[PDB]
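*Asks:* After the structure tokens below, expect a handful of questions from me.
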Amino acid sequence: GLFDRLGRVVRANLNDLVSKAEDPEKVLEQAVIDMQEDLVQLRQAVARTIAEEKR
Amino acid sequence: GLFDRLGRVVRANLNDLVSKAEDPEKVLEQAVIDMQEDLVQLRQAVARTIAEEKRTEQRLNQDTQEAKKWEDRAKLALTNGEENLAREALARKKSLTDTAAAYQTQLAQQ
Amino acid sequence: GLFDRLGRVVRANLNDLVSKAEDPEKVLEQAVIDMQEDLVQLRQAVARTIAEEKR
Amino acid sequence: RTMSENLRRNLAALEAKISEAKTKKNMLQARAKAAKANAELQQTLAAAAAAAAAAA
Amino acid sequence: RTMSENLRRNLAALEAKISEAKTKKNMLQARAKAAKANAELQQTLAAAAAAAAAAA
Amino acid sequence: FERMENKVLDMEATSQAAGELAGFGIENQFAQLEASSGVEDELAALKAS
């Protein structure tokens, strides 16, 4: 649709505008911090299922 | 054409009129100043291309080793008899080998 | 181009007009002062690279 | 349970080409940057030849 | 108890690449600092050549 | 992480390209030679003492 094509054009410009705001040196290590605490949350959720295969 | 002949006549008179406005002693050294800063601009533009002949060589070395990962993972599936998964890994390999040939062509030209 | 030829003519007249404003005795030693502090700035920038070949 | 097999094959056949597209875009963005660098160079070389400081 | 084995392998395969990412970021942050030091040097050398005190 | 690695590699190559290319040119390329100083003759004469 024509309104999809205009949508994707305006949506892509805005997504590029964000992408050049990312400073490599800072975001390259926040990415690892996020990726670590995601494992903490996952580990809790898994353990909460082992508790019931025991049960 | 007749209108071309009149054009060239009037155009040539105007070009001579400018030419005798040039003072030798002044323009003979502005010419060198112009010719020097032209080299500064050129040098930047060249360097901006070397930056990418460096770069396609890095990309090429990634895809030629990513393909070997998928070649190994395919053989690891056939030893489990899982042909449905080996075919999938081979499809991943193919498109990597095809794009790696594009870098070799690009790089050799650059 | 014709507009380049007129450009270079007018640009050269203006560059000569500046050149005869330079007083030799004054500018002949400001030139050395500029050329000295350029070395101070350069020396800092170099040292800031040795710091990382060490690293 | 005939529909669910049909959908489950279609779902695998989509992500198989998201993988293909995502490797091609890297090679195409590379080519787009190189092409644009050469355009600026050729424009610079033409402008310098139009001034013809050596002829002056 | 089939799901729990599947999750328990996925959980190990994550931290194995947190280890890989964390060694790469050190090498990449090193390169980012070096590249930026050379940029400031090359900018300084160009500005000095533009003044041309030796030609004056 | 993958997206931000590629920016670093673009910075690095841009920096190296300009410095490598600035490494050419007679004034630099002769500055790397030890006897470039031009006083070698009077040094040889001094070495006569």
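By convention here, the chains of the structure tokens are called A, B, ... in the order presented, each chain's residues are numbered starting at 1, and ligands are numbered starting at 1 in the order presented.
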Skipping near chain neighbours, those fewer than 5 positions away, what residues fall within 9 Å of stretch 42-47 of chain E using only C-alpha atoms, listed as a PyMOL selection string?
*Replies:* (chain C and resi 38+41-42+45) or (chain E and resi 37) or (chain F and resi 15+18-19+22)
*Asks:* Provide as a list in words the residues of chain C at most 8 Å from chain D, counting only C-alpha atoms.
*Replies:*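 Applying the cut-off to the listed atoms yields residues 1, 4 and 5 of chain C.
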*Asks:* Just N, CA and C atoms for this one: save the residues we selected as a JSON list (two decimals), in the first residue's frame.
*Replies:*
[["chain", "number", "residue", "atom", "x", "y", "z"],
["C", 1, "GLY", "N", 36.73, 27.49, -17.45],
["C", 1, "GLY", "CA", 35.45, 28.23, -17.59],
["C", 1, "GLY", "C", 35.69, 29.73, -17.49],
["C", 4, "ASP", "N", 35.54, 30.98, -13.99],
["C", 4, "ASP", "CA", 36.77, 30.69, -13.26],
["C", 4, "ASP", "C", 37.85, 31.72, -13.55],
["C", 5, "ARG", "N", 38.00, 32.11, -14.81],
["C", 5, "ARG", "CA", 39.00, 33.10, -15.17],
["C", 5, "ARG", "C", 38.73, 34.45, -14.51]]
*Asks:* Between atom CA of residue C:27 and atom CA of residue C:12, what is the spacing in Å?
*Replies:*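 So the answer is 21.2 Å.
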*Asks:* Tell me the residues of chain C close to chain B, meaning within 9 Å using only C-alpha atoms, as an MDAnalysis selection string.
*Replies:* chainID C and resid 2 5:6 8:9 11:13 15:16
*Asks:* Identify, on the basis of only C-alpha atoms, every residue whose closest approach to residue F:11 does not exceed 12 Å; exclude the query and any residue fewer than 5 positions from it along the same chain; express the result as a list in words.
*Replies:*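 Selected residues are residues 24 and 25 of chain A; 48, 51, 52, 54 and 55 of chain B; 28, 29, 31, 32, 33, 34, 35, 36, 37, 38 and 39 of chain E; 4, 5, 6, 16, 17 and 18 of chain F.
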*Asks:* Taking a cut-off of 9 Å and counting only C-alpha atoms, can you build a table that, for each residue of chain B near chain D, reports the nearest atom pair and how far apart they are in Å (one decimal), sorted by chain then residue number, as CSV?
*Replies:*
residue,atom,partner,partner_atom,distance
B:27,CA,D:56,CA,8.0
B:28,CA,D:56,CA,7.6
B:30,CA,D:53,CA,8.8
B:31,CA,D:53,CA,5.2
B:32,CA,D:53,CA,7.4
B:34,CA,D:53,CA,7.0
B:35,CA,D:53,CA,6.3
B:38,CA,D:48,CA,6.7
B:41,CA,D:44,CA,7.7
B:42,CA,D:44,CA,6.9
B:45,CA,D:41,CA,5.5
B:46,CA,D:41,CA,7.1
B:48,CA,D:37,CA,6.7
B:49,CA,D:37,CA,6.3
B:52,CA,D:34,CA,6.8
B:53,CA,D:34,CA,8.9
B:55,CA,D:30,CA,8.8
B:56,CA,D:30,CA,7.7
B:59,CA,D:27,CA,8.7
B:88,CA,D:16,CA,7.9
B:91,CA,D:16,CA,8.4
B:92,CA,D:20,CA,7.4
B:95,CA,D:20,CA,6.6
B:96,CA,D:23,CA,7.4
B:99,CA,D:27,CA,6.9
B:100,CA,D:27,CA,8.8
B:102,CA,D:27,CA,8.0
B:103,CA,D:27,CA,7.9
B:106,CA,D:31,CA,8.3
*Asks:* At a cut-off of 10 Å, which residues of chain A touch chain F? Count only C-alpha atoms and give the answer as a list in words.
*Replies:*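 Every residue of chain A that passes the 10 Å test is in residues 19, 20, 22, 23, 24, 25, 26, 27, 28, 29, 30, 31 and 32 of chain A.
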*Asks:* Write the residues of the selection above to a file with N, CA, C and O atoms, as an mmCIF file, in the first residue's frame.
*Replies:*
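As written to disk, again.cif reads:
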data_model
loop_
_atom_site.group_PDB
_atom_site.id
_atom_site.type_symbol
_atom_site.label_atom_id
_atom_site.label_comp_id
_atom_site.auth_asym_id
_atom_site.auth_seq_id
_atom_site.Cartn_x
_atom_site.Cartn_y
_atom_site.Cartn_z
ATOM 1 N N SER A 19 20.241 5.660 15.616
ATOM 2 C CA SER A 19 21.439 4.835 15.514
ATOM 3 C C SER A 19 22.731 5.636 15.570
ATOM 4 O O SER A 19 23.734 5.142 16.093
ATOM 5 N N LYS A 20 22.750 6.852 15.042
ATOM 6 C CA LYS A 20 23.945 7.679 15.135
ATOM 7 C C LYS A 20 24.033 8.476 16.428
ATOM 8 O O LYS A 20 24.958 9.279 16.581
ATOM 9 N N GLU A 22 24.124 6.575 19.258
ATOM 10 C CA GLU A 22 24.832 5.599 20.072
ATOM 11 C C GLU A 22 26.341 5.819 20.025
ATOM 12 O O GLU A 22 26.963 5.701 18.964
ATOM 13 N N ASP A 23 26.920 6.137 21.180
ATOM 14 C CA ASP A 23 28.370 6.225 21.333
ATOM 15 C C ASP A 23 28.966 4.835 21.527
ATOM 16 O O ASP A 23 28.624 4.160 22.502
ATOM 17 N N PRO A 24 29.841 4.373 20.636
ATOM 18 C CA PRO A 24 30.324 2.988 20.738
ATOM 19 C C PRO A 24 30.902 2.605 22.084
ATOM 20 O O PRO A 24 30.560 1.558 22.641
ATOM 21 N N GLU A 25 31.776 3.444 22.624
ATOM 22 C CA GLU A 25 32.552 3.075 23.797
ATOM 23 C C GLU A 25 31.682 2.908 25.033
ATOM 24 O O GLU A 25 31.973 2.062 25.885
ATOM 25 N N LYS A 26 30.615 3.690 25.145
ATOM 26 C CA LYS A 26 29.683 3.556 26.255
ATOM 27 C C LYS A 26 28.718 2.396 26.069
ATOM 28 O O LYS A 26 28.545 1.570 26.970
ATOM 29 N N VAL A 27 28.070 2.326 24.911
ATOM 30 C CA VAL A 27 27.009 1.352 24.705
ATOM 31 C C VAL A 27 27.565 -0.049 24.550
ATOM 32 O O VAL A 27 26.879 -1.036 24.836
ATOM 33 N N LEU A 28 28.804 -0.163 24.102
ATOM 34 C CA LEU A 28 29.461 -1.450 23.970
ATOM 35 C C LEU A 28 29.686 -2.173 25.287
ATOM 36 O O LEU A 28 30.001 -3.366 25.261
ATOM 37 N N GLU A 29 29.537 -1.507 26.429
ATOM 38 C CA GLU A 29 29.615 -2.180 27.715
ATOM 39 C C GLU A 29 28.340 -2.178 28.540
ATOM 40 O O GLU A 29 28.190 -3.048 29.402
ATOM 41 N N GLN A 30 27.430 -1.238 28.316
ATOM 42 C CA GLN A 30 26.063 -1.387 28.794
ATOM 43 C C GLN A 30 25.386 -2.611 28.194
ATOM 44 O O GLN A 30 24.601 -3.290 28.861
ATOM 45 N N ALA A 31 25.676 -2.898 26.931
ATOM 46 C CA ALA A 31 25.171 -4.101 26.282
ATOM 47 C C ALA A 31 25.554 -5.372 27.025
ATOM 48 O O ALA A 31 24.766 -6.321 27.090
ATOM 49 N N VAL A 32 26.753 -5.415 27.591
ATOM 50 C CA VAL A 32 27.178 -6.587 28.345
ATOM 51 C C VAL A 32 26.542 -6.624 29.725
ATOM 52 O O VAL A 32 26.229 -7.698 30.245
#
*Asks:* From a backbone DSSP assignment, name each residue in chain F labelled alpha helix (DSSP H), as a VMD selection string.
*Replies:* chain F and resid 2 to 21 26 to 31 40 to 46
*Asks:* In terms of the shortest atom-to-atom distance over only C-alpha atoms, which of B:17, B:47, B:12, B:24 is closest to chain F?
*Replies:* B:47
